[PDB]
Amino acid sequence: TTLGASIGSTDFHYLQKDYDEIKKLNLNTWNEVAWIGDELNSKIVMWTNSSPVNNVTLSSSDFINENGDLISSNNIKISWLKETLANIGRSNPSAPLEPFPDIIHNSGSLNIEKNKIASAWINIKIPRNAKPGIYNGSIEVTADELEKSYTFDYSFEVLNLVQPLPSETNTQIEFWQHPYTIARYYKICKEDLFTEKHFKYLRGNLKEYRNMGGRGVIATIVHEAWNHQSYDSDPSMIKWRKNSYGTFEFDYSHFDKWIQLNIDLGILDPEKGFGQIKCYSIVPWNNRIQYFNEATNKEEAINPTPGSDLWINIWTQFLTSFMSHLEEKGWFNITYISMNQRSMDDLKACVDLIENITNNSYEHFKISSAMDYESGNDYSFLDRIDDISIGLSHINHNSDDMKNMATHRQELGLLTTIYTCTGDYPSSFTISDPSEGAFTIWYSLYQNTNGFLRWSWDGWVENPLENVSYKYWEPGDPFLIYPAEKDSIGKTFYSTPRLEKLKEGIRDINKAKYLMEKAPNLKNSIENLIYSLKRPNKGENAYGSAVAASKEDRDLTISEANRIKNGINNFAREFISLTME
Ligand SMILES: CC(=O)N[C@H]1[C@H](O[C@@H]2[C@H](O)[C@@H](O)[C@H](O[C@H]3[C@H](O)[C@@H](O)[C@H](O)O[C@@H]3CO)O[C@@H]2CO)O[C@H](CO)[C@H](O)[C@@H]1O
């Protein structure tokens, strides 16, 4: 024909290079299991031949159960997956530059060049007041050059249990946001920073974060704290100045507006002790603190070594001032001072200083850190850090070091997460299989942590919608959402399949934690299922990017994700049965 069509997996990308392989698909039916308030995703893959094809459109019926309960077609959003270019290597500028369908772009029609793949993401939101049962419906695909329409048989079962709202779970999610990057992309001026004109491009993507379970909000407290690793500079949200007497003063304006925005959006609730403010960092890159010297009237920097007399002096000034400031705002209880991977000497100097500065109630700042922990059961220092996150590449699957460490922390009421970054596999890159994200989240629970941290909400390059290639890291590493087009009406961001799979993983670990809690009798059955998870092997492509070791390892990430999900849905059904009989 002029146009071919088939249901396809959301687990991996359908790429142009796989054209000839893809044209041989003909999957016409789809079924899945969801809870009330849950979501489901699917995909239809289309193709063209010698001739191009205009105005390709897809559309969805209403969905109806056996009691004629309705889920409107408006809960089904079908979006073209837009392709963007990606250098497939890591700091390898001569690596091949290939298209990946990494963007959940727009609804409506689309043209398709000769001999091309195009795919459309399908997202189904089950309303929070939906009735249980088996729902059926269909999705149609048509075009202009086609005098016919293809048809696709979709059903799904809603189980009689309500997907927990994020605030009803104990899942920890922290994605680092870069609000100045949002300002740069959308040409927000210096003077409009953290005003309503800025907030308009932040609210949507922050709501999105909140709704998938985000609780951590990063705030920079010194300038360029990651040495400009990213496309955009990282300004400090707290401006430092040295006055004529030679003591430091701090301007909290940006920090205050940023945090207040996050309080207004419900990510943070400092009165109720919810959410975290992560202050980056007491160990910024090379210990460098840049400041305006009012005396010499110029910009200067210092680089004092942790533990040194100058260091203790300066951070004592900041921490003391910051604590008082946060106490007047009522924010102090949810505030953490962040560290990062440093020498044990630097880390101990930090924890020792921080612990030594207290308010009237002898409360000190909480402390948060990426740590490299991989073995041994000496927790005495690690327990003085209130939130830690461990890179997946430092977690040894052939041991229970990580899980034992995490379990100790849960007992003491401390937070623990894992993260992925450059060099990790599974991970959440543009070139990753999106299923890897669901796996990652399940791995956080397999390790008995509270959840997942990633550095990379929104660190856009110049024009990521067209090319995400950046000089460091696997492509797409620095962002899980895309921006909208600069002229958008409109939308302020687009989601990605990789992010939707993180979201799936999170909802699905939330189902498992909910069951464990509400059906104590199923708990060890569930725990055993979780603890059966296998870990695929990390390989590396010809150009420096981490990837799956082999086809077997790709398949395992998918099979394992689905296995566990299904297992949990069966436990779901067991609990539901119990209630009915
Ligand atoms: C939490 C997070 O994602 N942080 C980084 C992330 O960095 C990874 C890890 O957290 C770092 O400790 C490590 O940093 C350096 C390492 O400790 C040094 O011994 C070595 O000489 O240089 C390392 C820098 O490569 O780096 C790893 C990643 O390689 O990585 C992401 C990029 O995906 C961002 O840089 C986050 O800021």
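Ideal geometry is used to build each Cβ from the backbone, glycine not excepted, and the neighbour counts take in all protein chains shown. Read-outs throughout are calculated quantities, based only on the coordinates presented, and are distinct from any laboratory measurement.
Using the alpha-carbon centroid of each, what span in Å lies between segment 525-543 and segment 153-186?
Segment 525-543 and segment 153-186 have Cα centres spaced 23 Å from each other.
Can you give me the P(r) profile for segment 15-76? Cα pairs, bins 10 angstrom wide beginning at 0, each as a whole percent.
Reading the bins upward from 0: 13, 40, 27, 17, 3.
Return the loop-located chymotrypsin sites (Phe, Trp or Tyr not before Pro) in segment 433-491 (DSSP other than H, G, I, E, B) with at most 16 other Cβ atoms within 10 Å of their own Cβ; answer none if there are none.
Answer in residue order: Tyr472.
Which residues' amide hydrogens lie under 5 Å from the amide hydrogen of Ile388, considering only partners 5 or more residues apart or on another chain, with H built in the peptide plane?
Counting only residues 5 or more places away or on other chains, the set is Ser369, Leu415, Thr416, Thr417.
For segment 379-390, take each phi angle, set θ = phi - 60°, evaluate the Karplus expression 6.51 cos²θ - 1.76 cosθ + 1.60, and give the result in whole Hz per residue in order, putting x for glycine and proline.
Result, rounded to whole Hz: 8, 5, 7, 3, 5, 8, 9, 6, 9, 10, 10, 10.
Taking H placed 1.01 Å from N in the peptide plane, check which residues at least 5 places from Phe152 or on another chain put their amide H under 5 Å from its amide H.
When sequence neighbours closer than 5 places are left aside, the close amide H contacts are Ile139.
Round to the nearest 0.05 the FRET efficiency obtained for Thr57 and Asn463 when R0 = 35 Å and r is the Cβ-Cβ distance.
0.80
Using a Förster distance of 56 Å, how high is the FRET efficiency between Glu32 and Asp352, based on the Cβ-Cβ distance and rounded to 0.05?
Efficiency, from the Cβ-Cβ distance: 0.60.
Can you pull out the chymotrypsin sites (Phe, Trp or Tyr not before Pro) in segment 236-283 that DSSP calls coil and that have at most 14 other Cβ atoms within 10 Å?
Passing both the DSSP loop test and the Cβ count: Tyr245.
Assuming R0 = 30 Å, can you tell me the calculated FRET efficiency for the pair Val162 and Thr407, based on Cβ-Cβ distance, to the nearest 0.05?
Numbers: r = 29 Å, r/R0 = 0.96.
E between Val162 and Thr407, to the nearest 0.05, is 0.55.
Which GluC sites (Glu not before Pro) in segment 1-106 sit in a loop by DSSP (not H, G, I, E or B) and have at most 11 other Cβ atoms within 10 Å of their own Cβ?
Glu66
What ³J(HN,Hα) values, in whole Hz, does the Karplus curve 6.51 cos²θ - 1.76 cosθ + 1.60 give for segment 336-350 when θ = phi - 60°, with x put for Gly and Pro?
Once θ is set to phi - 60°, the couplings for segment 336-350 become 10, 8, 8, 10, 7, 5, 10, 4, 3, 5, 4, 4, 5, 4, 4 Hz.
Give me the Kirkwood hydrodynamic radius of the chain, using the inverse of the mean 1/r over all pairs of distinct Cα atoms, in Å to one decimal.
Computed over the chain, the radius equals 25.4 Å.
With each pseudo-label sitting 7 Å past Cα toward Cβ, what's the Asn570-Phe292 distance in nm, one decimal?
Placing both labels 7 Å beyond Cα along the Cβ direction yields 6.5 nm.
So if I place +1 on the C-beta of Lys and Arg and -1 on the C-beta of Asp and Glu, and nothing else carries charge, what would the dipole magnitude of the chain be about its Cα centre? I want it in debye, nearest 20. Before the final figure, lay out the partial values.
Values: 57 positive and 77 negative charges, 98 e Å.
Value, rounded to 20: 460 debye.
Over the chain, what is the percentage of antiparallel beta bridges among all DSSP beta bridges, to the nearest 5? Walk me through the intermediate numbers first.
Details: 62 of 101 bridges.
Of all bridge pairs located within the chain, approximately 60 percent are antiparallel.
With n ≥ 4 as the cut-off for DSSP H runs, can you work out [θ] at 222 nm for the chain, using -39500 (n - 2.57) per run divided by the number of residues, rounded to the nearest 500?
-9000 deg cm²/dmol
If each residue of separation counts as 0.36 nm, what is the full-extension length gain between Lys471 and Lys77 once their alpha-carbon separation is subtracted?
Net length gain for the segment: 138.4 nm.
What is the Cα convex hull volume of segment 3-162 when expressed per residue in Å³?
Given the Cα convex hull of segment 3-162, per-residue volume reads 122 Å³.
Residues with beta-carbon under 14 Å from that of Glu196, excluding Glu196: net charge, scoring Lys, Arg +1 and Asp, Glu -1?
+1
State the Cα centre-to-centre distance between segment 314-340 and segment 376-448 in whole Å.
27 Å
Just add up the charged neighbours of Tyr373: K/R +1, D/E -1, any other residue whose Cβ is under 11 Å from the Cβ of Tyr373.
Summing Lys/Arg as +1 and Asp/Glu as -1 gives -3.
Find me the longest stretch of the chain that has none of the exposed trypsin sites (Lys or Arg not before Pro), where exposed means in a DSSP loop (not H, G, I, E or B) with at most 15 other Cβ atoms within 10 Å.
That gives 289-470 as the longest site-free run.
DSSP beta bridges in segment 3-162, what fraction antiparallel, as a percent rounded to 5?
Beta bridges within segment 3-162, antiparallel portion: roughly 85 percent.
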